[PDB]
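Here's structure_31.txt, which has compact mmCIF, C-alpha atoms and all ligand atoms:
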```
# COMPACT_ATOMS: atom_id res chain seq x y z
CA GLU P 396 0.00 0.00 0.00
CA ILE P 397 1.44 3.34 -1.16
CA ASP P 398 0.70 6.46 0.89
CA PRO P 399 -1.12 8.77 -1.57
CA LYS P 400 0.53 11.71 0.17
CA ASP P 401 3.82 10.51 -1.36
CA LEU P 402 2.45 10.99 -4.89
CA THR P 403 2.78 14.23 -6.88
CA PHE P 404 0.60 14.44 -9.99
CA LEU P 405 2.32 16.24 -12.86
CA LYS P 406 0.88 15.43 -16.29
CA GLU P 407 -2.05 13.78 -18.02
CA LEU P 408 -1.08 10.57 -19.84
CA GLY P 409 -4.45 9.82 -21.43
CA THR P 410 -7.04 7.14 -20.84
CA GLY P 411 -7.11 3.36 -20.76
CA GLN P 412 -9.51 0.54 -19.95
CA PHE P 413 -9.78 1.81 -16.34
CA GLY P 414 -9.97 5.52 -17.11
CA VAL P 415 -7.53 8.32 -16.52
CA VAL P 416 -3.79 7.72 -16.11
CA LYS P 417 -1.38 10.40 -14.91
CA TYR P 418 2.37 10.96 -14.81
CA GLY P 419 3.76 11.96 -11.46
CA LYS P 420 6.49 11.33 -8.92
CA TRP P 421 6.77 9.19 -5.80
CA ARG P 422 8.51 10.99 -2.89
CA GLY P 423 9.62 13.72 -5.24
CA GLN P 424 12.07 11.48 -7.07
CA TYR P 425 10.81 8.39 -8.87
CA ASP P 426 8.84 8.83 -12.09
CA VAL P 427 5.58 6.85 -11.91
CA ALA P 428 2.39 6.33 -13.83
CA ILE P 429 -0.80 6.47 -11.75
CA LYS P 430 -4.02 4.88 -12.91
CA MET P 431 -7.10 6.43 -11.33
CA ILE P 432 -9.56 3.53 -11.52
CA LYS P 433 -12.91 4.75 -12.84
CA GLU P 434 -15.70 3.57 -10.57
CA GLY P 435 -17.60 0.74 -12.20
CA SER P 436 -14.74 -0.01 -14.61
CA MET P 437 -12.94 -2.65 -12.53
CA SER P 438 -13.81 -5.71 -10.47
CA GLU P 439 -12.18 -4.04 -7.48
CA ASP P 440 -12.68 -6.71 -4.80
CA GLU P 441 -11.19 -9.36 -7.09
CA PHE P 442 -8.24 -7.09 -7.92
CA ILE P 443 -7.42 -6.03 -4.36
CA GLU P 444 -7.81 -9.66 -3.29
CA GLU P 445 -5.21 -10.87 -5.82
CA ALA P 446 -2.98 -7.77 -6.07
CA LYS P 447 -0.12 -9.07 -3.90
CA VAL P 448 1.05 -11.62 -6.48
CA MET P 449 1.13 -8.98 -9.20
CA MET P 450 3.43 -6.72 -7.12
CA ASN P 451 5.83 -9.62 -6.53
CA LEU P 452 6.35 -10.18 -10.23
CA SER P 453 9.73 -8.52 -10.67
CA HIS P 454 11.78 -8.61 -13.87
CA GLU P 455 13.77 -5.96 -15.79
CA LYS P 456 11.52 -6.41 -18.82
CA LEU P 457 8.22 -6.14 -16.92
CA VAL P 458 6.76 -2.75 -16.18
CA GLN P 459 6.85 -2.88 -12.42
CA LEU P 460 3.67 -2.56 -10.42
CA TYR P 461 4.99 -0.58 -7.45
CA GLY P 462 1.78 -0.67 -5.45
CA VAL P 463 -1.75 0.57 -4.90
CA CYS P 464 -3.82 3.08 -2.95
CA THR P 465 -7.09 1.50 -1.80
CA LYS P 466 -8.08 3.57 1.26
CA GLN P 467 -9.93 6.13 -0.87
CA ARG P 468 -11.91 6.21 -4.08
CA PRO P 469 -10.97 6.05 -6.90
CA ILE P 470 -8.28 3.47 -6.16
CA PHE P 471 -4.82 4.13 -7.61
CA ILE P 472 -2.42 1.71 -9.30
CA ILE P 473 1.15 3.03 -9.36
CA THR P 474 3.57 1.69 -11.94
CA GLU P 475 6.95 2.27 -13.53
CA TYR P 476 6.98 5.28 -15.86
CA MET P 477 8.20 4.69 -19.42
CA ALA P 478 9.10 7.93 -21.18
CA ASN P 479 8.54 6.78 -24.79
CA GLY P 480 5.03 5.45 -24.23
CA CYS P 481 3.50 2.36 -25.76
CA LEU P 482 5.34 0.20 -28.30
CA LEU P 483 2.78 0.46 -31.09
CA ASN P 484 2.98 4.24 -31.38
CA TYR P 485 6.76 4.12 -30.86
CA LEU P 486 7.13 1.76 -33.83
CA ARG P 487 4.93 3.92 -36.03
CA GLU P 488 6.57 7.19 -35.07
CA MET P 489 10.21 5.97 -35.40
CA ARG P 490 9.41 3.67 -38.32
CA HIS P 491 12.19 4.83 -40.63
CA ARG P 492 15.00 4.65 -38.05
CA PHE P 493 14.98 1.02 -36.92
CA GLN P 494 17.62 -1.47 -37.97
CA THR P 495 16.56 -5.13 -38.08
CA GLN P 496 18.90 -5.86 -35.16
CA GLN P 497 16.89 -3.45 -33.02
CA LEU P 498 13.64 -5.10 -34.02
CA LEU P 499 15.02 -8.45 -32.86
CA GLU P 500 16.14 -6.88 -29.56
CA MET P 501 12.59 -5.66 -28.97
CA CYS P 502 11.32 -9.20 -29.47
CA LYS P 503 13.98 -10.45 -27.08
CA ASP P 504 12.97 -7.88 -24.43
CA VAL P 505 9.37 -9.02 -24.56
CA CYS P 506 10.22 -12.72 -24.72
CA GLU P 507 12.40 -12.45 -21.60
CA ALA P 508 9.52 -10.85 -19.68
CA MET P 509 7.06 -13.50 -20.90
CA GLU P 510 9.47 -16.34 -20.09
CA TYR P 511 9.48 -14.94 -16.56
CA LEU P 512 5.69 -14.74 -16.40
CA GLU P 513 5.52 -18.26 -17.81
CA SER P 514 7.86 -19.53 -15.12
CA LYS P 515 5.50 -17.97 -12.55
CA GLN P 516 2.45 -19.52 -14.24
CA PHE P 517 1.10 -15.99 -14.62
CA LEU P 518 -0.87 -15.11 -17.75
CA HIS P 519 -0.80 -11.75 -19.43
CA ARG P 520 -4.09 -12.32 -21.34
CA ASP P 521 -3.76 -9.15 -23.49
CA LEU P 522 -0.24 -9.14 -24.87
CA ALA P 523 0.11 -6.75 -27.83
CA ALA P 524 2.35 -3.86 -28.84
CA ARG P 525 -0.19 -1.46 -27.32
CA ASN P 526 0.40 -3.18 -23.96
CA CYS P 527 4.18 -2.85 -24.09
CA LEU P 528 5.96 0.36 -23.12
CA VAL P 529 9.32 1.81 -24.12
CA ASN P 530 11.70 3.62 -21.83
CA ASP P 531 14.04 6.50 -22.55
CA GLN P 532 16.78 4.12 -23.65
CA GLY P 533 14.62 2.13 -26.06
CA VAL P 534 14.12 -0.91 -23.85
CA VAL P 535 10.73 -2.52 -24.31
CA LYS P 536 8.87 -3.81 -21.27
CA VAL P 537 5.58 -5.73 -20.97
CA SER P 538 2.79 -3.73 -19.32
CA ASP P 539 -0.60 -4.34 -17.69
CA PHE P 540 -0.10 -8.09 -17.42
CA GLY P 541 -3.08 -9.86 -15.86
CA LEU P 542 -5.28 -6.75 -15.61
CA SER P 543 -7.71 -7.90 -18.33
CA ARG P 544 -9.06 -10.29 -15.67
CA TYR P 545 -10.58 -7.28 -13.81
CA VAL P 546 -12.12 -5.30 -16.68
CA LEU P 547 -15.85 -4.64 -16.32
CA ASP P 548 -16.85 -3.77 -19.85
CA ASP P 549 -18.87 -6.23 -21.89
CA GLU P 550 -17.32 -4.86 -25.09
CA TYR P 551 -13.90 -5.97 -23.79
CA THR P 552 -14.73 -9.23 -21.95
CA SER P 553 -16.93 -10.79 -24.66
CA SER P 554 -15.17 -12.47 -27.61
CA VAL P 555 -17.71 -10.72 -29.86
CA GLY P 556 -17.36 -7.33 -28.14
CA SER P 557 -15.78 -4.45 -30.03
CA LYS P 558 -12.79 -4.16 -27.69
CA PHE P 559 -11.89 -7.84 -27.31
CA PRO P 560 -8.30 -8.49 -28.64
CA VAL P 561 -9.53 -10.82 -31.38
CA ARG P 562 -6.54 -10.13 -33.59
CA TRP P 563 -4.17 -11.34 -30.83
CA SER P 564 -6.22 -14.45 -29.90
CA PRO P 565 -5.82 -18.12 -30.85
CA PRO P 566 -8.71 -20.32 -31.95
CA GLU P 567 -9.26 -21.87 -28.52
CA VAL P 568 -9.75 -18.41 -26.99
CA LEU P 569 -12.11 -17.24 -29.70
CA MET P 570 -14.17 -20.47 -29.54
CA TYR P 571 -13.87 -21.60 -25.90
CA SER P 572 -12.26 -18.76 -23.88
CA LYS P 573 -9.42 -21.17 -23.04
CA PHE P 574 -6.63 -18.87 -21.85
CA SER P 575 -3.30 -20.46 -21.09
CA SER P 576 0.41 -19.91 -21.54
CA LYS P 577 -0.21 -20.99 -25.11
CA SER P 578 -2.66 -18.17 -25.76
CA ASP P 579 0.01 -15.71 -24.59
CA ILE P 580 2.36 -17.53 -27.02
CA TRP P 581 -0.04 -16.89 -29.91
CA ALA P 582 -0.31 -13.22 -28.95
CA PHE P 583 3.51 -12.93 -28.77
CA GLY P 584 3.73 -14.15 -32.36
CA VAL P 585 1.32 -11.41 -33.42
CA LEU P 586 3.40 -8.92 -31.40
CA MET P 587 6.52 -10.00 -33.31
CA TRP P 588 4.54 -9.30 -36.47
CA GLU P 589 3.59 -5.83 -35.18
CA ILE P 590 7.29 -5.16 -34.52
CA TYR P 591 8.60 -6.36 -37.87
CA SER P 592 5.77 -4.60 -39.78
CA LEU P 593 6.74 -1.44 -37.90
CA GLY P 594 3.37 -1.04 -36.26
CA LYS P 595 0.82 -2.10 -38.85
CA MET P 596 -2.58 -3.37 -37.74
CA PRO P 597 -2.91 -7.18 -37.99
CA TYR P 598 -5.46 -8.33 -40.55
CA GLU P 599 -6.08 -4.75 -41.60
CA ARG P 600 -9.38 -4.27 -43.51
CA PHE P 601 -10.74 -7.54 -41.97
CA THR P 602 -13.36 -7.15 -39.29
CA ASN P 603 -12.91 -8.99 -36.00
CA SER P 604 -15.37 -11.70 -37.08
CA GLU P 605 -13.67 -12.10 -40.47
CA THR P 606 -10.38 -12.35 -38.61
CA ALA P 607 -11.81 -15.13 -36.44
CA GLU P 608 -13.11 -16.93 -39.52
CA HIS P 609 -9.76 -16.49 -41.33
CA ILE P 610 -7.61 -17.91 -38.57
CA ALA P 611 -10.04 -20.75 -37.86
CA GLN P 612 -9.50 -21.79 -41.52
CA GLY P 613 -5.70 -22.03 -41.05
CA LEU P 614 -4.74 -18.65 -42.50
CA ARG P 615 -1.99 -16.56 -40.94
CA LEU P 616 -0.34 -13.17 -41.06
CA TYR P 617 2.07 -12.68 -43.97
CA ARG P 618 5.83 -12.29 -43.49
CA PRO P 619 6.72 -8.59 -43.09
CA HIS P 620 9.34 -7.31 -45.47
CA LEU P 621 11.91 -6.73 -42.74
CA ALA P 622 11.55 -10.22 -41.21
CA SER P 623 14.11 -12.79 -42.30
CA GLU P 624 12.97 -16.32 -42.97
CA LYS P 625 14.40 -17.41 -39.59
CA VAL P 626 12.53 -14.66 -37.77
CA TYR P 627 9.29 -15.49 -39.56
CA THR P 628 9.69 -19.18 -38.64
CA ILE P 629 9.84 -18.09 -35.00
CA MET P 630 6.70 -15.93 -35.08
CA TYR P 631 4.88 -18.56 -37.21
CA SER P 632 5.61 -21.31 -34.69
CA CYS P 633 3.43 -19.32 -32.28
CA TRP P 634 0.36 -19.84 -34.45
CA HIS P 635 -0.02 -23.63 -34.56
CA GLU P 636 -3.75 -24.35 -34.58
CA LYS P 637 -3.25 -26.83 -31.74
CA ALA P 638 -2.05 -25.14 -28.57
CA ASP P 639 0.15 -28.00 -27.45
CA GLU P 640 2.22 -27.70 -30.65
CA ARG P 641 3.18 -24.13 -29.85
CA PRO P 642 6.56 -23.46 -28.24
CA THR P 643 7.19 -22.20 -24.74
CA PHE P 644 8.70 -18.78 -24.13
CA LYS P 645 11.87 -20.57 -22.99
CA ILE P 646 12.17 -22.16 -26.44
CA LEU P 647 11.27 -18.93 -28.20
CA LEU P 648 13.96 -17.09 -26.25
CA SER P 649 16.53 -19.73 -27.25
CA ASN P 650 15.46 -19.33 -30.91
CA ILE P 651 15.82 -15.54 -30.78
CA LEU P 652 19.23 -15.79 -29.14
CA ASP P 653 20.28 -18.28 -31.82
CA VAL P 654 19.30 -15.82 -34.55
CA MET P 655 21.24 -13.09 -32.75
CA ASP P 656 24.31 -15.33 -32.47
CA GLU P 657 24.18 -16.12 -36.19
CA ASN P 658 23.95 -12.45 -37.20
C1 LIG P 701 3.96 12.19 -24.94
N1 LIG P 701 3.63 10.81 -24.54
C2 LIG P 701 2.23 10.69 -24.12
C3 LIG P 701 1.83 9.22 -23.91
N2 LIG P 701 2.81 8.65 -22.98
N3 LIG P 701 2.62 7.54 -22.19
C4 LIG P 701 3.73 7.36 -21.53
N4 LIG P 701 3.96 6.36 -20.63
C5 LIG P 701 3.00 5.58 -20.01
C6 LIG P 701 1.67 5.50 -20.42
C7 LIG P 701 0.83 4.66 -19.64
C8 LIG P 701 -0.60 4.47 -19.94
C9 LIG P 701 -1.39 5.60 -20.14
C10 LIG P 701 -2.74 5.46 -20.42
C11 LIG P 701 -3.28 4.20 -20.47
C12 LIG P 701 -2.52 3.05 -20.25
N5 LIG P 701 -3.08 1.76 -20.33
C13 LIG P 701 -3.91 1.26 -19.38
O1 LIG P 701 -4.21 1.93 -18.39
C14 LIG P 701 -4.46 -0.10 -19.46
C15 LIG P 701 -4.16 -1.11 -20.33
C16 LIG P 701 -4.87 -2.31 -20.09
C17 LIG P 701 -4.83 -3.53 -20.78
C18 LIG P 701 -5.60 -4.58 -20.38
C19 LIG P 701 -6.45 -4.49 -19.29
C20 LIG P 701 -6.52 -3.31 -18.58
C21 LIG P 701 -5.73 -2.24 -18.97
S1 LIG P 701 -5.63 -0.64 -18.26
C22 LIG P 701 -1.16 3.17 -19.97
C23 LIG P 701 -0.30 1.94 -19.80
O2 LIG P 701 -0.52 1.17 -18.62
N6 LIG P 701 1.29 4.00 -18.59
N7 LIG P 701 2.61 4.10 -18.21
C24 LIG P 701 3.46 4.88 -18.89
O3 LIG P 701 4.64 4.96 -18.52
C25 LIG P 701 4.66 8.36 -21.90
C26 LIG P 701 4.05 9.12 -22.80
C27 LIG P 701 4.59 10.36 -23.49
```

Structure translated into structure tokens:
Amino acid sequence: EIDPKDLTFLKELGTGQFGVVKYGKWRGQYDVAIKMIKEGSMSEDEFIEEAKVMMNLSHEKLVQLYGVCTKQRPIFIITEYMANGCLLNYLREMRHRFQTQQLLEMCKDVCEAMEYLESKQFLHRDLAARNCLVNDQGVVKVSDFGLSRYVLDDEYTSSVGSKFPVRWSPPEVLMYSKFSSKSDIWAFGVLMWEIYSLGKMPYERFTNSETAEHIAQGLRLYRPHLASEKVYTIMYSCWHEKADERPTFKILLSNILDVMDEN
């Protein structure tokens, strides 16, 4: 529990699934992001009840959840500030500057974080470039892991809602809501595709339902121009129709390192 008196609000950072987020400082020194949880937007009992485990996830490549303020309303969630914002806009805005080696390093950053979550049997559930953040040195970190579990918004929680991450979801999630490590694996493959396409939208011009139909018929995202064959083999392995044929993040990390070694 963070003492809200130790927080200094400084700047608006926009809005997310739980409402307003601000930039501020903790005890005058540490840059933080502060979510102000819109009333009615979150399953608050469930979150507070299970919030300890989320604070104890600690890894360089995870956006740290520093703590919470729950003695007043709205509740606050206080997290590690990342000066370059979310990965999707960072890709699109710096599109013409990236070398392929840097793209691979971004995939490695994310894969390390997910290997850690995997080892803790903790699911992200909404992995995507929009839910990765980039710090002032260009390091990518995975953000908002596990929070989808607390979203109260039928458009987000229903597989046919307008906000559900259909384009990051494997068949068993779209058909049966079967989340597992292997559905995070699928989403990581799509995230690699976002990185190597420099921030394009997956299945652009397809609706969500057409996307679902597409992928249920075996069809997959094309290889982006900047992805080598080896890289594409790695992201494609994430999209096996059968979940148990998909790799683990440990294997994916080994693959990425192997490609780095070869280069
Ligand atoms: C000039 N730029 C302006 C944008 N800009 N942004 C920066 N940096 C951060 C943004 C956020 C942030 C802000 C608003 C919303 C959200 N996203 C969410 O709240 C949620 C995502 C999800 C996903 C699934 C389930 C529930 C939720 S709730 C975040 C990231 O958490 N945070 N931290 C940061 O450092 C730095 C900049 C400079």

Next item on the list: Name each residue within 6 Å of ligand LIG 701 (chain P), counting only C-alpha atoms and all ligand atoms, as JSON, numbers by chain.
Entry: {"P": [408, 409, 410, 411, 412, 413, 416, 428, 476, 477, 478, 479, 480, 521, 538, 539, 542, 543]}

Item checked: Spatial neighbours of residue P:605, 12 Å, all atoms listed in the file, chain gap at least 6 places, as number ranges by chain -> P: 555, 561-562, 598-599, 611-612, 614

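Atom CA of residue P:475 lies 24.0 Å from atom CA of residue P:547.
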
Check which residues of stretch 441-501 of chain P sit at most 12 Å from stretch 639-651 of chain P using all atoms listed in the file, and return one row each with the closest pair of atoms and their distance in Å to one decimal, ordered by chain and rising number, as a tab-separated table.
```
residue	atom	partner	partner_atom	distance
P:496	CA	P:651	CA	11.1
P:498	CA	P:651	CA	11.1
P:499	CA	P:651	CA	7.4
P:500	CA	P:651	CA	8.8
P:501	CA	P:651	CA	10.6
```

Item checked: Residues near residue P:560, cut-off 10 Å, only C-alpha atoms, skip fewer than 6 positions along chain, as a PyMOL selection string -> chain P and resi 520-523+551-554+569+582+603

Margin query: Neighbouring residues of stretch 398-405 of chain P were defined as those with any atom within 12 Å, considering all atoms listed in the file; residues of the same chain fewer than 5 positions away were excluded. Please report them as a ChimeraX atom specification.
Written below: /P:416-431,461-474

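Going from atom CA of residue P:504 to atom CA of residue P:587 covers 11.2 Å.
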
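In this structure, atom CA of residue P:558 sits 28.6 Å away from atom CA of residue P:453.
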
Give me the box for stretch 572-591 of chain P as lines of an AutoDock Vina configuration file, namely the centre and edge lengths in Å to one decimal of a box along x, y and z that holds every listed atom plus 8 Å on each side.
```
center_x = -1.8
center_y = -13.2
center_z = -29.5
size_x = 36.9
size_y = 32.0
size_z = 32.8
```

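Minimum atom-to-atom distance to residue P:593, evaluated using all atoms listed in the file, belongs to P:621 out of P:457, P:546, P:528, P:621.
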
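Candidate residues P:591, P:625, P:455, P:516 were compared for distance to residue P:494, and the nearest is P:591, using all atoms listed in the file.
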
Next item on the list: May I have the residues within 6 Å of residue P:580 as number ranges by chain, using only C-alpha atoms and disregarding those fewer than 3 positions away in the same chain?
Entry: P: 577, 583, 633

Serialized selection, C-alpha atoms, as an mmCIF file, in the frame of the given file:
```
data_model
loop_
_atom_site.group_PDB
_atom_site.id
_atom_site.type_symbol
_atom_site.label_atom_id
_atom_site.label_comp_id
_atom_site.auth_asym_id
_atom_site.auth_seq_id
_atom_site.Cartn_x
_atom_site.Cartn_y
_atom_site.Cartn_z
ATOM 1 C CA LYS P 577 -0.210 -20.990 -25.110
ATOM 2 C CA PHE P 583 3.510 -12.930 -28.770
ATOM 3 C CA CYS P 633 3.430 -19.320 -32.280
#
```

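The nearest approach to residue P:634 among the residues P:590, P:458, P:616, P:607, with only C-alpha atoms taken into account, belongs to P:616.
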
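Among the candidates P:483, P:630, P:505, P:443, the one nearest to residue P:535 when counting only C-alpha atoms is P:505.
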